[PDB]
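Quick setup: one chain, the form deposited in one PDB entry, written in structure tokens, and binding and motion questions come after.
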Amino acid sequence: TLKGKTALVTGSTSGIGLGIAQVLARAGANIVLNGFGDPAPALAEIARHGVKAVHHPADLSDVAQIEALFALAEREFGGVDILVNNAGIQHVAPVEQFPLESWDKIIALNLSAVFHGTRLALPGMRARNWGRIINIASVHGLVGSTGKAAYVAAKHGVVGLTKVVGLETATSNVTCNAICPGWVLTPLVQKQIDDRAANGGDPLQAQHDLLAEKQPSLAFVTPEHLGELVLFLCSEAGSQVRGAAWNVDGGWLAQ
């Protein structure tokens, strides 16, 4: 189904990114992995699927490090057919305590890296007259939360960016869309659970409450489910999906 294609998923070392990479590997795509931490588990999980993978540790804060990432993709697999711009970080604090460099570093990773990713993958997709660009935004690309100045700004930014690219690619076989998940139980969310449990004391309760306050299904979204959505978007049935931000969020945006 994706046999012949090369997907690059940024921040695929854990979480959502690793789940999406796994689902694309299962569909037959060769895989360029990226992110910090030990790359071994991710590479192991991908190789189970019978598909080739490499990993580059590029810090996407750093535009030159993004360029080296894409160039390893060029050299190892010939180019990127599917780019999933997923790598992202979170920092919680009132707007007037919001650390100036967390502001900077969230805009860097969560927004600018998405543009740099796009600008580097897009010429080869247009040349090859097929491509998919999927940006992992968030419900926070559509609405705010308290404490999330930087991330909401960045995510909104991605949603808008998605529109521009989806529009500029419209007359080609390249599409660009965003997936806006609600809560997924990854390290990035566990951190928030831990912080909420810090005073008081039940991590399981803090978990429920985190979820209950925003997410009426009371159930987390799974990386696999988001990987299957990406796969959807990569099919022919996604050919006229362009510039869209599709939420998978257990009701978060419905209210």
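All residue numbers are counted from 1 along the displayed sequence. Only the largest set of C-alpha atoms that superpose within 1.5 Å between the two forms is called the rigid core.
There is another form of the same protein, the form deposited in another entry; it is not shown, and what comes next is about it.
Of the residues listed here (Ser217, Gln190, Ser61, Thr222), only one shifts its CA by 2 angstroms or more between the shown form and the other one after fitting on the rigid core, and it is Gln190. For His208, a C-alpha deviation of 2 angstroms or more is recorded between the shown form and the other one after rigid-core alignment. Closer approach of the C-alpha atoms of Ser217 and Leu204, by 3 angstroms or more, is seen in that other deposited form than in the present form. Expansion of the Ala198-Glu101 CA spacing by 3 Å or more is recorded in that other deposited form, set against this form.
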